[PDB]
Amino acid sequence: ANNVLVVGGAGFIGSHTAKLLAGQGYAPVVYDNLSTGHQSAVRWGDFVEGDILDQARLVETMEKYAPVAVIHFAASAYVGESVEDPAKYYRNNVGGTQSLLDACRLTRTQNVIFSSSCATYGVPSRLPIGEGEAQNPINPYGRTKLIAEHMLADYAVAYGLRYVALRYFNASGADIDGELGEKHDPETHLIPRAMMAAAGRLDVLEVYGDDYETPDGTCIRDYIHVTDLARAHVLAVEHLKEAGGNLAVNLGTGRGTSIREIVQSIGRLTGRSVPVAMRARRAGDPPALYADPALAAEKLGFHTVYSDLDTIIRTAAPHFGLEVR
């Protein structure tokens, strides 16, 4: 009994996690509807094509595989889209998660690792952001992630569900061995966009603000290597497996990275410059956002190992038509 159900396991972070699980002796079973993920990324165990809203098929799957844990990545998201199409996010992130959690309790499938987001915090009072920070999200994406977190808490109370919610800002980089990458269309994440622009796959990288109250002048955000993310989700499995209590922790390096730093590194490491177009800063935009990683260190024994900028850039670059030298 070493099956682990990786819901959303055909996508960016899910496929890396499936690879890691297999490396640690688990048998990842991917359940994915391929809406944004890729069947070719399911290389480390069985594949079940299915939607998490297809509750009968999800229950059927849990009964067949009797997974010792469920890792939930199955929520697609484009940067900025939730404000214009909140219906999609309430349906998938709230409706879909409820269907998953119902499938779990109805099959006595017990351990749920939920991939959440630091977007749940919204604009913070203190940097870095600690788990105690109020969660006042500013868009439906953040809102629906927060709803899922609370749903987990209510299902724990009612049904004895055990869980770990993992919060982080920006998944980045790719597997060190170069055969598994981030394949999104449209690609809305910053480092892929910057690399695509340097590679000539995009014409321009529009950067909104050289004006921020930071060094650089450009905004600071929080980037974690996807392999580090995989590591944490598996540690979370081990935590619940060794009878750990329910957790909600931040994942990251504890240090932010500016846009200038990223563009600089890409140019330096690849020899291709990023064609930046500086546009006016947005009025209510935060200058710096990054999470405090200490609770995850204490509770999970987790530290990032691959989330230096150099490793993030180096591993991602080949997947976007760039060459590292």
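Numbering starts at 1 and runs along the sequence shown.
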Can you let me know which of the two, 290-298 or 44-52, has the higher average C-alpha B-factor in the entry? 290-298
Comparing 281-289 with 27-35, which has the greater mean CA B-factor as deposited? 281-289
Among 99, 125, 170, 115, where is the Cα temperature factor highest, going by the PDB entry? 125
Candidate set 90, 208, 163, 155 [ranked by C-alpha B-factor, highest]: 208
Is the Cα B-factor recorded for residue 147 in the lowest, middle or highest third of its chain? lowest
For the chain shown, is the CA B-factor of residue 86 in the lowest, middle or highest third of its modelled residues? lowest
So, residue 121's CA B-factor, relative to its chain, sits in which third? The middle
Ranked C-alpha temperature factor of residue 95 among modelled chain residues, by third: lowest
Ranked C-alpha temperature factor of residue 309 among modelled chain residues, by third: highest
